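Two separate entries follow, structure 1 and structure 2, each one form of the same protein chain as structure tokens.
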Structure 1
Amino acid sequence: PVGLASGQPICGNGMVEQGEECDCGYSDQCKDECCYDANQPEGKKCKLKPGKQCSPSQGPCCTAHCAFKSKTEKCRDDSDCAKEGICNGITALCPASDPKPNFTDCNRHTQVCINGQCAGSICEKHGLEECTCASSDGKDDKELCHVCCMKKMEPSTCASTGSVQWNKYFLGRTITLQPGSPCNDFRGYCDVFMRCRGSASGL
């Protein structure tokens, strides 16, 4: 979708908006048999052709042939924390996906699914808490960008997931943070190379 959006609803962009049933675009763009083109009269502009149940421009749960897809047809792929979208058979919208179970692996293994979201840490999966590994002194560790866990409210125990402690839960595999995540006690950010880049004070 290259370039700025007009951010004004108009009948003729591909998008359905208040006061219009469908929108397949202006005549030159509209491959829809279900719908009336933007350069076509008001009052039909913007509205479903009669006897036509729905338009694919309203959503994925309409067929090309202007029928509602039947219930439990796939309208959306799995997310990290969510299962397939299925059509409900009464609308062309793809209804909200349902959640995968809590403590399912999310965000490149980094956090965990709670109520269909991404939150918290893969630490909490094992009943640990996420901490920050922190500097010996002024001097930047690789472990600054590791996922680091501690025993709950005992920050003394902070260590990298791959450390010799936590071997029970993580077996010596380091798990790195996601690029962009804060590091060295919010003095930094992780770059693509998983180094902690110092960042300005006083923002």
Structure 2
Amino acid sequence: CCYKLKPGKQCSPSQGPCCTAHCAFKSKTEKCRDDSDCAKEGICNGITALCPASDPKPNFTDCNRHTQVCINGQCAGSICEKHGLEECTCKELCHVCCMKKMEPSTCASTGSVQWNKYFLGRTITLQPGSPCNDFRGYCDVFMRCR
């Protein structure tokens, strides 16, 4: 009902979530992107009909249910990376196991006596859909691999 654009019109909602039904940029205070694990909510800037970027939350912020961490506004890596450790395979295949680097001898679940100083003995399980067993399968809703 706006558009090119008719005279006097600033934009058409089609071009983005920051345009009123009446073809005008929304205020530099309107929300256009819901919050997120790693990203903050998006606000319009009142100058364009596009919804701007979205500032990222601190880096080692938990995401995907304590399963992973936030890296540059993206849920990546593994929760193990928050504490200097590395994810390793532990059935218990969809449990999160960590180890000190280069030392597979140390590979233990998050809810073990060691690691307690980090996970307070909580046995974190991989989210269904996650990779498992050295990228050989994925985790079911049944917590089974492949």
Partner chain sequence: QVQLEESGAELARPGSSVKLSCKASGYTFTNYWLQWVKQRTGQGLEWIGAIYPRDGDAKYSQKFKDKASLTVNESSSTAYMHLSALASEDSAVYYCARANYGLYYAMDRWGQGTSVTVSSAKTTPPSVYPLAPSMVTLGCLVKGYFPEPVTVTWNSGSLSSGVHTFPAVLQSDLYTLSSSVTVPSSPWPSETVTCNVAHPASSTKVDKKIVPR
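Basically, rigid core = biggest C-alpha set you can superpose within 1.5 Å across the two forms. Only residues modelled in both forms are compared. Counting starts at 1 and follows the sequence of structure 1.
Chemist: Between the first and the second structure, which is the form solved in complex with the partner chain?
Modeler: Note: form solved in complex with the partner chain is structure 1; the other is not.
Chemist: Can you give the CA shift of residue 166 between structure 1 and structure 2, in Å, with the two forms fit on their core?
Modeler: For residue 166, the alpha-carbon shift amounts to 0.9 Å.
Chemist: Core superposed first, then measure: what is the displacement of the CA of residue 87 between structure 1 and structure 2, in Å?
Modeler: A shift of 1.1 Å.
Chemist: Core superposed first, then measure: what is the displacement of the CA of residue 183 between structure 1 and structure 2, in Å?
Modeler: Core-aligned C-alpha shift comes out at 2.6 Å.
Chemist: Once the rigid core is superposed, list every run of three or more consecutive common residues with all C-alpha shifts of 2 angstroms or more between structure 1 and structure 2, in sequence order.
Modeler: Runs moving 2 Å or more: 34 to 36, 47 to 50, 180 to 189.
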